[PDB]
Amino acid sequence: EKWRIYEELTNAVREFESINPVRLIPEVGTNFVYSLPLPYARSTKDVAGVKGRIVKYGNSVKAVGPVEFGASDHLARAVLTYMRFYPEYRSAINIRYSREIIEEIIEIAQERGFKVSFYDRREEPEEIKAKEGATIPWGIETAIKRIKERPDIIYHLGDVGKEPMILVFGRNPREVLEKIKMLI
């Protein structure tokens, strides 16, 4: 349970840093999470993330803090919502978006054969926009229901005051880290 979660993620984070993925880190920082399995995964508190995320350091990246349950808020909701459809995928990571990265992700998905969906906040029902915290889950579902298969990659373009993101899911941190490795 918990220890295994804390160890596997803590390792992935260390390896993530070692491969030095600077071009992939957004401005808000990258968080890498690993949730508890259902039905115990009821809140972001049940999901382990990097406290302070991982930010661009010099010509490298740095995890500001240690792995702790309740560390991540936005990515946890995403993975948590995603589990409502694929309960085995309790790991995820958010990386920077840009034409190059997405084009290159598309190509690789094409090759290694795996789905990528998305969601556009411009197509979001005002009412949902109104309710706080309802947007991230809305996006995940929209994206998930968009295609027929399971999307390993879900992204969205920017919106007023909000930057674009690329989310990549895995059943555990090692698998997530593996997709990232490919991206290079």
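Start at 1 and count along the sequence shown; that's the residue number.
- Of the two stretches examined, 144-152 and 63-71, the record assigns the greater average C-alpha temperature factor to 144-152.
- 90-98 and 104-112 differ in mean CA B-factor, and the higher of the two is recorded for 104-112.
- Within the selection 21, 164, 161, 173, the deposited Cα B-factor values reach their highest point at 21.
- Of the candidates 133, 139, 26, 52, the PDB record gives 133 the highest C-alpha temperature factor.
- In the deposited entry, the Cα temperature factor of residue 118 places it in the lowest third of its chain's modelled residues.
- In this PDB entry, the Cα temperature factor of residue 47 sits in the bottom third of its chain's modelled residues, the lowest group.
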